[PDB]
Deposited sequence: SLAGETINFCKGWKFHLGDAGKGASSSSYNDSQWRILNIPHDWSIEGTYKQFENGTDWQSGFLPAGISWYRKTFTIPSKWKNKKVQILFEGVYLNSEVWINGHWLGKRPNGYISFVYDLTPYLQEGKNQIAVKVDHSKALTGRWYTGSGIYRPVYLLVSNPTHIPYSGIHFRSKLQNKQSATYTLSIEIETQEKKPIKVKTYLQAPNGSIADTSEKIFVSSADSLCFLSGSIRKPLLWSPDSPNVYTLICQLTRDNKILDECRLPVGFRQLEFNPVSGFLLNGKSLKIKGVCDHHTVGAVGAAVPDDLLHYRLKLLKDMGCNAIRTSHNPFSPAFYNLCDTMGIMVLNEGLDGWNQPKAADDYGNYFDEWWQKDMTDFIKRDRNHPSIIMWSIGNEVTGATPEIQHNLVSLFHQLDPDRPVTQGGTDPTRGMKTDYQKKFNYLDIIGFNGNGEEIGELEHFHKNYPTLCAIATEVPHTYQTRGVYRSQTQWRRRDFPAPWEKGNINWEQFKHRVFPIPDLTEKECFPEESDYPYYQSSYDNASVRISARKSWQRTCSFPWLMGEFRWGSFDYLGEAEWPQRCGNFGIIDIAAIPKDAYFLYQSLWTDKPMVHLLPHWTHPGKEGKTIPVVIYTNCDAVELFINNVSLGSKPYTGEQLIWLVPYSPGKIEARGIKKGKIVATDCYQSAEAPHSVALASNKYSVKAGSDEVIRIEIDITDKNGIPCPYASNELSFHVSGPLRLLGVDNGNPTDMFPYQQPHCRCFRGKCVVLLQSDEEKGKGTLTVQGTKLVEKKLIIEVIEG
C-alpha cells in the first residue's frame, strides 16, 4: 500500500455550478486551477450586509462552491483498495466518484474517509465536491469555507488497518517500566491467518520494544523498561509502527505517534503529570490563522505554537471544535497539553445555522470519529463536550460523557460554563471572574474537581494605551449589552494621558486595564491562590477573525494580534509564567506634544527589583513583590530604560527611544532559505523606522511589496482590527508602526528578493535563497 498526497491541482468554481457539476462529462475547463488547502472566504471582499455573513461570521463571503479533480490509476494498484481521506471540509460537503454519490457530511471540522474502489474505471476518474455554506451563520466566529485541510488517497491491500483503527493505552508503574495495550482493527476478506507485528520506535530512532500476535480486532499486550516520559519540558514521542504480515511479507503498515505519561486529577491539589504537580497555564484559540483564514500551512502553525511556548504557556483549548491532525501532531512534538473540545452548543443552535441543526442526528457518528482520531495523542489530557450550552439536558450530557468514557477510559471530561452533573471536572467560564464565586464553589463542593476553561476575558489592541480603566459593559459593550462584582482596577493617572485615543473607540488599552470583570494579573494571582483549581485557559491567544461588530474585522480578545505580533499582555503572561530573567516596559517613549506631561511607565518582570532611567538618570528602584511596577514620568525626549536586578546583579533590560519622523523600514525574517515547491512560509515583519533606525510607534505608512525570483506572496496583514483590505495583494498599511508579509517559494530554485517601498521612505531589500 501507499498514502498519496492529493492536494495539487484541483479545479474550483466560486458559486453554485448546479446539479450537473457532479457527473463525469461536465465541462470544467473554464474553472480556476488551484492547490488545496484552500479557504475561498479569505479571498473575498468585506461587506457589511451583502455577503450574508454578520458580526460573528466576520463579514466575508460564504455560499456554495465546487471542486473537481481528475486522476488515473497506475497498473501497480489493480489489486488495491483505494479511499479518499478529507482531513476537513467546511461545510456540508457532498462528494461524488465518476458520478456516484459517496455521502454528505454536515460537520465542518471532522476528518472522514470514503471508499472509491467499487466505482473506479479504466483510465480517467472524476472526483466532484460540493461545499454548501449557503446558510452562512454557521459559527460564532469566522469559520472559512472550503477544502481547508489536506486530502489524501489511501491506497491499500484489501487486508489493512482502517483509518482510525489503532488504539494505544499505557500504564506507568513507578519509573522503572510501563505496560501498554494495542487494539488494532483489521479489515480483510481472506481467512488465512495474519501475523501482526508492532514496534515502539524511541525518540532517538532505536526500536525500544516489539510485540507480535496472530489474528484470525486484534489485541496485543506488551511492556517497556524505563520509557521516556512525555511532558511540556520533555516532549518525548514514540512512533508506533504496526504491520500486517503473512509469510514474512508486509501487507500493510500504519504509523502513529504515541507517548507515555500519567495523568492525575484531584479536588484538593489539582493536576499532576508524572507524579509532579503542575499548574495548567493555558489559552484558548480558534482554528483560523488571520491572513490565511482556515487554510493554514504547517510552518505558520509552528510559528504560532512556538510563540505560545515562549510565553510560558503549557496548554491550549481547542475552542470550540476539533482542530486539524497537524495541530495535535505539533503539540505532541513541542510539548503543549491539549484540552480537546468537540462542540460549542448541542441541539439548540447558538449561531442560527450552526451544528445545532445537525446534532440530534449526527452527534454520535461525529464525536466517535473525533475521539477515535485523537485518542492516541499524548498531548491531549482532557476532553470538553461543549461550551455555554443552551437548552442543556441531563439526557444529552449523559449521552456525551458516556460515549467519551466508553471510547476513552483514560482521560477526564469537562464542559465550558458548567460552574454551579455527569462531568469529571467542572469548567469555569466568565462567572469565575466575579467576586466571591470561586470561593463559594469551593466551600460548597469541596469534593468536585474544577478548572477554569475560560478565565479571564481581557481586551487590548496593539500599540494603543489609555491611562484610565475601561470596563466593557460601560465603555465597549458587546452586542448583548454590576460595579460591586468586579475586581477593581484603579486608574493609572487622575487625568487621562492619551486623550487623543478617545477617537478610536474600537481599540482597547494595552495596559492591564481594559476588561470585563478582572485584570489578567489578578486572574492569575487568584488561580494560583487556589490549589484546588487546576488552572486557567484565558480567552484570546491570537486575535481571530470574526466575532466583532462592524467596522471591526476581528475582536480585541487576544494578547497577540491577528498578524502574530505580541501585544504588551504577551509579556505580562511571559513575566508570570516563565523563570528566565526578563523585564518589559510600556508604553513606548515617542510622545511629541506631551513634553512636561505625566506618562505612566509600567513594568512587568520576574526579577527581584527594577530601576528605571531617563537618559541614564535614575528615577528610583522598586522591589518586585508581584504587582506591576509604575513610575509616573514627566515626558522629555530621550532613552527610557528599565534595569532588572537579581541578587544585586543587573540581569535584564528593556528600553525605548523617542522617534523622529518616519524614514525607512526594518525587515526581519524567520527564515533565509526555503525548499522549492514546498509549503514552507517566510514571515517578514516590517517596522517603520526614523533616520537613526528607531521604530516609529505611530507610523501608518502605506507599503508596497515587490518580489523577484522564485517567490510568491501568501498574504499581508498589519493587526489593525478596523482595517479591511485584500489579503493576497502586495500592498498594506502599517499599524502603530508595523506590518507583516508572508512569502512562499515557487516551483523552481534560484535567488529571491523582496523589496519594500513607500512614499517618502527609503526602500530596503531582503534576499531569500531557495
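Residues of the deposited sequence that lack C-alpha coordinates fall in the stretches 1-3, 220-224, 429-440, 502-509, 799-801.
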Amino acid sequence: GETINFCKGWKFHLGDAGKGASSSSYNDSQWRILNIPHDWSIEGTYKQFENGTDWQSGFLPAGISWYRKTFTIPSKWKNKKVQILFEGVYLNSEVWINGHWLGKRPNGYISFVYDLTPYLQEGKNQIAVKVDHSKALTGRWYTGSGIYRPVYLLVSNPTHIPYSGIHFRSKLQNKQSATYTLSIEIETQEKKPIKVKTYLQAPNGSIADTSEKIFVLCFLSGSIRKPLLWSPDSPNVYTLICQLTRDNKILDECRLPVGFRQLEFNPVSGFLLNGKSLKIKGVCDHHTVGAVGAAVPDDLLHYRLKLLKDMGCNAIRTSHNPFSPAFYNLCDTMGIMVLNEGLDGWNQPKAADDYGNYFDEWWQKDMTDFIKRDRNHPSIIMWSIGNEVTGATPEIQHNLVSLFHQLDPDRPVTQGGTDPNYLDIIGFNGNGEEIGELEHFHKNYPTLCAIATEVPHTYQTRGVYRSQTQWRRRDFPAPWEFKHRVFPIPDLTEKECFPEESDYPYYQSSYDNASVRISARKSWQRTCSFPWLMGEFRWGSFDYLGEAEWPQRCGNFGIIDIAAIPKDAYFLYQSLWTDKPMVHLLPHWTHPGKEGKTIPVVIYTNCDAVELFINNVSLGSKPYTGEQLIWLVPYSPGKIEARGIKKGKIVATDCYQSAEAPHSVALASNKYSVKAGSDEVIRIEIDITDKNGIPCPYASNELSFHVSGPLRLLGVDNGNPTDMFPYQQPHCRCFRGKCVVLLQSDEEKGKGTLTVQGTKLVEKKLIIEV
From here on, numbers count along this sequence of modelled residues.
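A summary of the deposited B-factors shows that, of 629-637 and 188-196, the stretch with the larger mean C-alpha value is 188-196. Comparing the deposited coordinates for 506-514 and 67-75, the stretch with the larger average C-alpha B-factor is 67-75. The PDB entry assigns the greatest CA B-factor among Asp424, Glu454, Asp543, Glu212 to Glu212. The entry lists C-alpha B-factors for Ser575, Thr418, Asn376, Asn340, and the highest of these is at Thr418. Sort the chain's modelled residues by C-alpha temperature factor and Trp532 lands in the middle third, per the entry. Annotation for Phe168: C-alpha temperature factor in the middle third relative to the rest of the modelled chain, per the entry. Per-chain ranking of the deposited C-alpha B factor places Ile694 in the highest third.
For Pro61, the recorded CA temperature factor ranks within the middle third of the chain's modelled residues.
Split the chain's modelled residues into thirds by C-alpha temperature factor. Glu611 is in the lowest one.
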